[PDB]
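Basis for what follows: all heavy atoms, side chains included, without hydrogens, waters or symmetry-related copies. Here is the naming used below: chain letters follow the sequence lines, and residue numbers restart at 1 for every chain.
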Amino acid sequence: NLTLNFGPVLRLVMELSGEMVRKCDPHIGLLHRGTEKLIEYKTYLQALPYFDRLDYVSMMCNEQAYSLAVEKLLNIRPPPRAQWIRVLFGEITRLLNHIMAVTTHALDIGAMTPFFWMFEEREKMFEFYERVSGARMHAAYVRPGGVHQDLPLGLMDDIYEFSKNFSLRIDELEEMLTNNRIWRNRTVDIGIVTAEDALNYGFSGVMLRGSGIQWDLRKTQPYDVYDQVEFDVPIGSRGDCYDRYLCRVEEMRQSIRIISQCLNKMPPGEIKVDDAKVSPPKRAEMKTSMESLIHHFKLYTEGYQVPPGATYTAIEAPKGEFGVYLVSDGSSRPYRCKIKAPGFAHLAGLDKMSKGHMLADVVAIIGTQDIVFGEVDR
Amino acid sequence: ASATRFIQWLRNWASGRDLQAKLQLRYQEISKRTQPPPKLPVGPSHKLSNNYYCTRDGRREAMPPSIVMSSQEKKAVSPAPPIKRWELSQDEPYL
Amino acid sequence: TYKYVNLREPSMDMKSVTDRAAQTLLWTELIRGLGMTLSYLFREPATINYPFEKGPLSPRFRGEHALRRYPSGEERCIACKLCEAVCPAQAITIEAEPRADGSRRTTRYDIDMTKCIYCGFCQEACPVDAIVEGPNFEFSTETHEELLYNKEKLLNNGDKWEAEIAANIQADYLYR
Amino acid sequence: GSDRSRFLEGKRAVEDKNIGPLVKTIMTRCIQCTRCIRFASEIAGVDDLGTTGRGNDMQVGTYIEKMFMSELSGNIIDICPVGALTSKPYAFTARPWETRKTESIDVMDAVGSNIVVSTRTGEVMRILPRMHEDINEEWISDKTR
Amino acid sequence: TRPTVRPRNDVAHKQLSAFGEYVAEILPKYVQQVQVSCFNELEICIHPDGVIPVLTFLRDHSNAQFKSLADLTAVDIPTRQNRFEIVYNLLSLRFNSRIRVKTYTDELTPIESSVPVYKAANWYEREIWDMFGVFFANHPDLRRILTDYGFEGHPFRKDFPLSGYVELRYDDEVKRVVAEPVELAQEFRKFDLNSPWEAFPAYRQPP
Amino acid sequence: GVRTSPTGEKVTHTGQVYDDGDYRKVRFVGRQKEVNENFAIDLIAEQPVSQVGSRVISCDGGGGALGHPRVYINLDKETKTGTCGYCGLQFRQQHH
Amino acid sequence: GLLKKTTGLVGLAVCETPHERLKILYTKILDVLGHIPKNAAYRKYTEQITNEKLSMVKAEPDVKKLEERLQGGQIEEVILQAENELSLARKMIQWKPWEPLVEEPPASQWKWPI
Amino acid sequence: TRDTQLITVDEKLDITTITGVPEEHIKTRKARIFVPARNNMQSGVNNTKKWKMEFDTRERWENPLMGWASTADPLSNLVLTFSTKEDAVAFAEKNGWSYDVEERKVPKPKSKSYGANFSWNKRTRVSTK
Amino acid sequence: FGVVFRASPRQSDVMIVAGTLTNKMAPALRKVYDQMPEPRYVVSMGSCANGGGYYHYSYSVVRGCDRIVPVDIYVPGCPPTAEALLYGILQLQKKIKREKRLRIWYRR
Amino acid sequence: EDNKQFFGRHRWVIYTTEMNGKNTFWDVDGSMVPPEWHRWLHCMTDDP
Amino acid sequence: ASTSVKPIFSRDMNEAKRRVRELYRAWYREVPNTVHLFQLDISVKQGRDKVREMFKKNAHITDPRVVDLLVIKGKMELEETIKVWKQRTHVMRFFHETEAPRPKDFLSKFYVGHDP
Ligand code: SF4
Ligand code: SF4
Ligand code: SF4
Ligand code: SF4
Ligand code: SF4
Ligand SMILES: [K+]
Ligand SMILES: [Zn+2]
């Protein structure tokens with residue numbers, strides 16, 4: 001059979017018997033940087049910015065997974081207002097990821113116009129990131145204990161004005177794709193996954209929900225205040241690219257439904273745990289009180305010690321189930337930090353999902369899995 | 001927002017929707033770039049009495065794992081009760 | 001709760017079946033897509049006229065590191081090395097010794113702007129508001145060596161951007 | 001200790017004493033532990049340190065312009081818990097976490113004191129004692145330091 | 001309740017302790033230790049010969065149904081005779097629970113491949129091989145996955161240096177990218193951060 | 001202030017200058033040497049000594065939360081002044 | 001008692017005779033368990049939970065009400081789990097996990113922190 | 001009583017050829033196994049409880065451009081931790097490194113008495129409190 | 001500005017290196033650079049490409065793309081804003097405006 | 001300024017034709033904005 | 001029981017040597033195809049001597065388990081060359097063409113630096 005090393009951050013080694021794909025062999029590592037080994041020379045706070053850079057489309061949801069894991073080993077609890085902020089920006093991050101996933105999935109198969117309409121919406125959401133943290137993408141805003149700073153005055157009004165119009169933007173996206181017969185032909189009955197193969201291959205997220213499996217960690221193993229909001233979990237019927245495209249488009253609508261509740265049920269209070277052996281004190285009280293200066297000095301040089309133990313903590317990240325197997329030895333620096341990227345198992349099933357399909361279908365199947373190689377390789 | 005009436009009619013008809021009510025460009029409905037100073041609150045631990053740290057020390061209440069078995073009539077059990085079935089949404093069951 | 005996305009049963013009456021025959025033969029839903037692109041042709045584009053117009057930012061923006069002074073002209077930094085300890089990229093290098101008048105002052109303060117991840121931890125750790133990230137984001141160079149800042153380059157930045165740096169810190173220090 | 005302060009008053013401040021070119025004194029940081037007093041009297045044999053005053057105004061020093069020069073004086077830097085007594089030659093040069101520790105031996109005399117040599121980016125920053133019950137315990141002479 | 005302390009869930013601690021005993025009674029041949037953490041996670045520690053028996057039981061039994069392999073990784077501890085600790089993290093959609101299964105090995109003793117039980121283990125085991133050097137027997141396709149071709153050593157071992165042993169560069173004479181011993185313009189600076197005062201007396205070890 | 005070496009190269013506030021025969025000076029040919037002209041040691045020497053009427057005075061650097069950690073300075077010695085360890089300002093007791 | 005058009009799970013076909021299929025499988029499981037030693041805990045537990053699921057099938061002629069009793073999702077899922085238990089039982093005979101522990105771990109194999 | 005068949009290997013456990021370390025850093029290095037000495041500026045003893053293994057120091061020079069501290073030794077920062085001395089020597093032997101072992105130095109018990117401060121006829125009577 | 005969104009390697013005038021260059025990726029980068037028809041310029045975007053950034057001390061990262069290919073412009077930031085990369089591109093335009101190829105050939 | 005324009009186009013700067021002895025009629029540059037105006041032009045404040 | 005361990009492939013050195021020789025034959029017959037596919041500038045004789053040198057280094061191993069691993073890595077390194085997963089840079093890294101010779105005698109090491 002003819003063999004092609006398509007290469008370049010993905011190198012695909014495929015053997016093709018004419019038009020059919022007889023085997024797909026993904027060669028990865030072109031973006032391996034040794035993240036997990038570097039985290040072992042950092043304090044728990046110094047390793048926080050690494051997680052913004054794993055799945056760089058869903059930055060603030062990787063912080064939350066790491067923050068949930070550390071807060072679990074510390075045995076502390078973030079304050080209620082911080083949790084509501086961490087859900088508000090978890091759903092805003094979920095709009096950022098699904099626009100990128102859907103529109104770059106459609107741009108790789110020809111439809112270039114929806115990319116430009118929706119990247120004007122991403123630009124506006126990048127201002128919400130920049131107004132709270134000061135950075136458009138790698139905010140490092142979610143931390144063990146809560147969030148770094150409180151929302152600036154007037155941001156929630158600007159989130160409301162944006163959310164008020166977004167549902168119309170999705171509708172225009174669906175006027176170009178959902179019923180277009182060319183789009184359906186590229187995505188219907190392509191990459192069919194059985195509900196039993198998906199579980200045994202390690203799939204999670206819309207890779208499960210597209211095949212009819214009723215599973216969403218936000219509802220079954222909730223974290224923060226996801227059990228105080230109302231939303232629906234889209235479910236597929238045929239387990240193909242088209243059903244999975246409808247699940248992400250419908251999850252963008254259920255995020256607007258969650259955001260509308262976070263804006264109305266946002267409580268008052270503080271935004272980081274009121275324990276100054278974990279979260280740094282205020283600068284005003286760091287410059288007047290002796291204990292607050294001692295604790296500021298030690299938290300930013302040694303860091304807080306985490307009791308010995310190991311934990312596996314996971315969230316429903318935009319691309320699936322994202323978790324970390326964090327191991328502590330009782331010091332300020334983690335011993336081992338394994339990262340479970342949902343796209344690592346999804347891309348390992350590309351060979352299975354591309355059996356009996358054309359070469360041009362492998363493009364669609366890679367798109368439907370929503371692969372970002374920052375997390376796959378780490 | 002400066003589109004003439006005719007072009008507004010043409011754009012609305014082409015898309016089938018009322019675009020002027022949900023413009024994707026921001027004009028004046030946005031917050032002022034200068035805002036009054038805030039006064040943020042303080043947490044529950046900002047007290048002058050009845051506030052000893054040994055009564056709210058989360059890290060010191062963590063314990064090492066408990067050993068249930070170690071090599072150095074009973075009714076069957078499962079890790080947890082079986083998960084309850086999900087219910088169709090009355091909001092919009094079918095898309 | 002959950003909802004089905006693609007579980008509809010299409011009707012098989014003659015009118016419905018003829019509706020899908022007209023759609024197949026007369027390309028109705030394809031021409032519905034041409035109309036949407038036509039509407040965008042008559043919408044005002046979102047492009048701004050850079051470099052004469054700039055994208056909005058906020059007082060919390062994190063740009064070019066810089067070293068500040070007190071209103072008297074004395075340097076704020078007292079060589080505590082907290083920023084050097086917290087920098088996740090190890091982009092900061094410091095050396096200090098007693099000054100001629102006995103003050104605790106640095107003799108080296110370098111930031112490698114190619115190791116730096118522009119994270120802001122250096123300005124959170126500083127107890128005296130000495131090292132800050134300013135609002136300047138247009139400082140690209142033509143060689144790699146121009147991005148290795150030393151204490152002279154960082155003090156020049158502070159004197160150069162103090163008017164804007166002070167106003168930003170005035171606008172945000174109540175949230176810190 | 002706790003993690004916050006409920007102290008709402010003004011703080012005490014004390015004037016510094018000059019006791020030679022080796023030990024720098026910033027006595028507002030003293031916590032009146034009396035380790036330096038007990039060391040200078042029992043280990044060193046110089047009864048020049050003491051407590052003057054009473055109550056919250058109690059101070060540690062010489063009470064006169066006297067220099068605590070001895071072949072063992074530098075050791076009060078290590079036993080002082082706080083930054084009240086710090087090495088003057090070492091002042092402001094390095095922080096403890098950035099130093100690499102090399103466990104070596106002394107050669108300034110024939111006793112063979114066990115020392116720790118602190119380096120930092122390829123430069124020797126200071127010399128500290130290293131416990132050895134049979135040679136030097138946890139003391140070194142000023143010349144070795 | 002205490003606003004700053006994570007609440008305890010004693011119900012889930014009693015249910016996971018019952019199931020841990022339940023598993024150890026059914027596989028005495030393999031289970032060496034079962035422990036439940038203070039934040040309600042269950043760990044089954046097994047002899048390395050029981051990787052296939054124990055995992056198959058947990059996937060297929062009617063009261064376990066751990067049908068999803070959340071993750072599989074290794075941890076390196078140089079002070080043990082068997083350095084490498086292999087960790088399986090599993091999920092159960094039927095009972096909405098998670099469980100952790102751990103075994104051990106060393107540089108030279110192989111472990112049985114889990115691909116027959118979980119097709120998800122195919123790539124995870126290559127990653128453990130590539131980064132730790134643990135050989136998995138009967139693997140359909142075992143080879144480096146993350147490191148560069150021709151890479152020597154296993155970078156996640158605790159004794160492998162952070163910056164490696166060689167670095168790449170373009171040489172104009174030979175018109176290709178070459179590998180050379182690593183010299184750093186600025187050496188990585190090592191900070192000794194640990195405080196000399198005990199932090200947690202609950203975890204103190206016997207002297 | 002900035003004073004130039006015999007070879008014409010300026011001296012920084014830390015005292016740095018390349019000797020005459022140091023090859024490293026070639027980096028400045030067709031270029032310049034970045035030197036900050038505002039020597040902090042000179043600027044803080046121009047500030048007047050503040051007269052106070054108490055044994056102990058407090059300094060926070062000015063601006064409240066925008067200054068430096070608040071420290072208390074003892075003014076019992078008339079031979080010298082009280083100097084702030086953070087900002088370098090000086091304080092003196094009024095004739096007692 | 002109307003038959004369902006789809007199970008909702010891709011690759012899982014509807015079964016027209018759920019009651020007959022389950023009785024066969026459960027009986028087959030109980031017959032395979034007879035070859036396992038009497039005292040082995042796997043036999044005692046699996047018989048305990050197989051019989052009560054077999055008694056629920058033989059006392060509930062309605063499929064929808066049977067699923068509520070079994071609590072295993074679709075009746076096709078309960079059939080699939082029976083086939084997995086049957087395969088597991090056939091494998092426990094060859095493994096014999098009821099024997100004593102093969103080997104003890106080294107002295108400090110499970111100590112943490114080191 | 002394992003089911004798998006076992007073989008006999010009566011040889012020294014040596015892995016120098018499969019760890020991938022260049023021979024330059026196996027034969028010319030000298031590991032040092034020791035218990036870190038207590039930092040003399042503090043009274044804490046919590047950093048003197050585990051055995052460490054470090055390698056021998058090598059050249060550090062100055063970067064011509066900035067003045068940073070350059071190095072060519074890939075083992076300059078490598079530190080390993082061990083629960084006991086026997087486990088540290090085991091790791092060095094199988095990796096082929098030459099090592100020196102220094103016995104743990106534990107402070108000897110001391111005889112303390114607050115009443116000795118006020119002795120009637122002995123030399124331990126202090127003169128100040 | 002005239003800067004097309006996407007161009008093939010053989011129809012392109014500038015290479016923008018945006019991300020971390022690993023040791024497994026470096027040979028592919030040099031190959032693409034050698035096949036670019038001249039004149040050709042390289043823009044280094046971000047801390048990773050400039051000097052390695054957050055992964056500088058990693059075993060699998062090339063410390064700066066400028067030791068694999070020549071670089072004309074360095075754009076700092078992690079990541080640089082989209083308005084900071086645009087400023088760098090317009091700074092490459094002015095650099096090309098200062099070229100004097102013909103005025104140096106005429107004086108040979 | 002022109003507040004009828006949509007946010008982002010409501011403030012612009014027409015650069016000088018000469019700055020620090022450099023001819024900037026054609027060679028404009030975004031770093032020619034001094035810090036005091038750099039804050040107003042980027043909408044970090046409403047006060048010129 | 002301490003010396004009783006599980007094997008990888010070979011139960012004794014005699015079976016291990018069989019795998020070593022089969023691997024050597026595989027490498028010996030591939031050099032002409034490698035020197036041709038990658039358009040190397042070395043000769044086939046130089047290629048076949050490098051294989052000989054690599055095998056010679058590990059000729060003092062007496063542990064069958066260790067020998068099995070060396071063969072496993074050799075077969076992995078071989079599959080990369082046959083299938084052209086490597087590139088010309090990777091193949092030529094066995095030769096060190098851009099590294100200046102480093103002296104082996106005491107005096108030369110004394111003149112240049114401090115390393116032994
Ligand atoms: S922004 Fe972050 S990475 Fe950059 S110098 Fe400051 S602390 Fe270091
Ligand atoms: S934290 Fe601030 S005062 Fe301390 S060394 Fe850094 S810049 Fe100077
Ligand atoms: S040893 Fe230090 S803290 Fe103790 S009394 Fe002497 S100066 Fe004060
Ligand atoms: S380091 Fe210690 S002695 Fe120095 S000021 Fe802080 S608490 Fe006081
Ligand atoms: S955003 Fe930062 S971490 Fe990510 S590739 Fe760019 S420079 Fe590297
Ligand atoms: K001291
Ligand atoms: Zn001051």
| field | C:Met113 versus I:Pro76, closest heavy-atom pair with distance | value | O-CB, 4.4 Å

| request: Working to the nearest 0.5 Å, report the span between CD of C:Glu138 and CG of I:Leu86. | output: 9.0 Å

| query | For atom CG of C:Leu25, is the number of surrounding heavy atoms from other residues, nucleotides or ligands below 6.0 Å larger than 12? | reply | yes

| remark: Looking only at I:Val75, I:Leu85, I:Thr81, the option with the highest number of non-hydrogen pairs under 4.5 Å against chain C is I:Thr81

| said: For a quick test of reading the model, state the closest non-hydrogen atom pair linking C:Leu147 to I:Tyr74 and the distance between them. | reply: CD1-CB, 3.8 Å

| Counting only heavy atoms not in I:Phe1, do more than 12 sit closer than 6.0 Å to its CZ atom? | yes

| request: Taking all heavy atoms of C:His144 and all of I:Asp66, pick out the closest pair and write down the distance. | output: CD2-OD2, 3.2 Å

| request: Report, as yes or no, whether the 6.0 Å neighbourhood of atom CZ on C:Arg32 holds more than 12 heavy atoms from other residues, nucleotides or ligands. | output: no

| Between CD on residue C:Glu142 and CD1 on residue I:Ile73, distance to nearest 0.5 Å | 4.5 Å

| What part of I:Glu83 gets closer than 4.5 Å to chain C, counting heavy atoms only: side chain, backbone, both or neither? | both

| field | Contact origin within I:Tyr55 toward chain C - heavy atom pairs under 4.5 Å | value | neither

| said: Taking atom CD as the centre, does I:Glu99 end up with more than 12 heavy-atom neighbours from other residues, nucleotides or ligands that are less than 6.0 angstrom away? | reply: yes

| About how many Å separate NZ of C:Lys115 and OH of I:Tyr57, when rounded to the nearest 0.5 Å? | 4.5 Å

| Short question: side chain of I:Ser47, backbone of C:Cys116 - any donor-acceptor pair under 3.5 Å? | yes

| task | Of all the heavy-atom pairs spanning I:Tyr87 and C:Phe139, show the shortest one and how long it is. | result | CE2-N, 4.2 Å

| message | Would you compute the distance between atom CD of C:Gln90 and atom NE2 of I:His56 and round it to the nearest 0.5 angstrom? | response | 9.5 Å

| message | A quick test of your reading: do over 12 heavy atoms of other residues, nucleotides or ligands sit less than 6.0 Å from NZ of C:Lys3? | response | yes

| When heavy-atom pairs shorter than 4.5 Å are enumerated against chain C, which of I:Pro80, I:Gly77, I:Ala82, I:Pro79 gives the highest number? | I:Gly77

| remark: Between C:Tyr118 and I:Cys78 the two heavy atoms that sit nearest each other are CD1-N, 3.7 Å

